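The chain below stands alone and is given as structure tokens, in the form deposited in one PDB entry.
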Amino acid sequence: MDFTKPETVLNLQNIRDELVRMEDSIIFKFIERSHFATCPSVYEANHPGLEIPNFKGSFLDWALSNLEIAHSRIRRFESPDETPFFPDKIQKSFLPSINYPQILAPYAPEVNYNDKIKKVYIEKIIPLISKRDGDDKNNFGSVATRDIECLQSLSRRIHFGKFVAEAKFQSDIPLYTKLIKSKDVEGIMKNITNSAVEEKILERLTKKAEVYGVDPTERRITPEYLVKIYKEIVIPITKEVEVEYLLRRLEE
């Protein structure tokens, strides 16, 4: 799977292989975040103890958005597989453009669930993966930066749906063209769901969590929780992006 070989990019298998390598990345990232308390204050927008000059949002917010700006400048978002958590704040690259062939539809950047991911991450995931409950009054930076690692991997993974979505469309235009004109969610949802795969995925996760989540010489990550996270969130939103991308596919 290379971005300058549209064929390898739109291959459904190659895509799944890539999602797989990501499983480990996410696990690792979770494991790292697991070393710190939940740190409520990091996520509170405009916390009194952490007022950020000219900024409405959370500590995490500041850190993340800033990083997105810096990165935007060095071509981060002109890569189709990277969708910004703060699209309203990203500048243009001061580096000559990498001219990636179009592999997706022109509106792809507009398909963007980060808003959700971030909320669910903070509300549902954190409680599952952190040591204690409470503020680690002098690790907010440590926590935030890690949070961002998680968030950027989740977003990459999830937004990969677009590639899958496109891949599936391509492979039976009529079936999908029919479904899309109809705005037949349930029908589309039915066709993209492939439970067999979803299941085998949760199986790997459980093993990985077992072997990675424990010092081989315990439980920095709970296998059940890792499954829960994926099963309830990761995989549901990935599909949720496929339908979305699909509805607008015939668009224009």
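Throughout, rigid core stands for the largest set of C-alpha atoms superposing within 1.5 Å between the two forms. Heads up: residue numbers just count along the shown sequence, starting at 1.
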ask   = Residues with no coordinates between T217 and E218 in the deposited sequence, how many: none, 1 to 3, 4 to 9, or 10 or more?
value = 4 to 9
3 to 11 versus 241 to 249 - which carries the larger mean C-alpha B factor in the record = 3 to 11
key: Higher-B stretch (mean Cα B-factor, as the entry records it), 199 to 207 or 22 to 30   = 199 to 207
key: Among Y107, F169, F160, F86 - the residue whose C-alpha B-factor is largest in the record   = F169
remark   = From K116, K124, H71, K131, the top C-alpha temperature factor is at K131
note = Among the modelled residues of its chain, the C-alpha B-factor of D136 falls in the third labelled highest
task = Using the B-factor values recorded in the entry, state whether the Cα atom of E224 falls in the lowest, middle or highest third among the modelled residues of its chain.
result = middle
remark   = Assert third(CA B-factor, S93) within chain per record equals highest
ask   = Lowest, middle or highest third of the chain for the C-alpha temperature factor of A165?
value = middle
query = Taking the entry's C-alpha B-factors for this chain, is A37 in the lowest, middle or highest third?
reply = middle
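Same protein, other form: the form deposited in another entry, not shown, and the subject of what follows.
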key: Threshold 2 Å Cα movement between this form and the one not shown at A105, rigid core reference   = no
query = Aligning on the rigid core, do we see the C-alpha of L67 shift 2 angstroms or more between this form and the one not shown?
reply = yes
query = So, does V185 move by 2 Å or more at the CA between this form and the one not shown, with the core held fixed?
reply = no
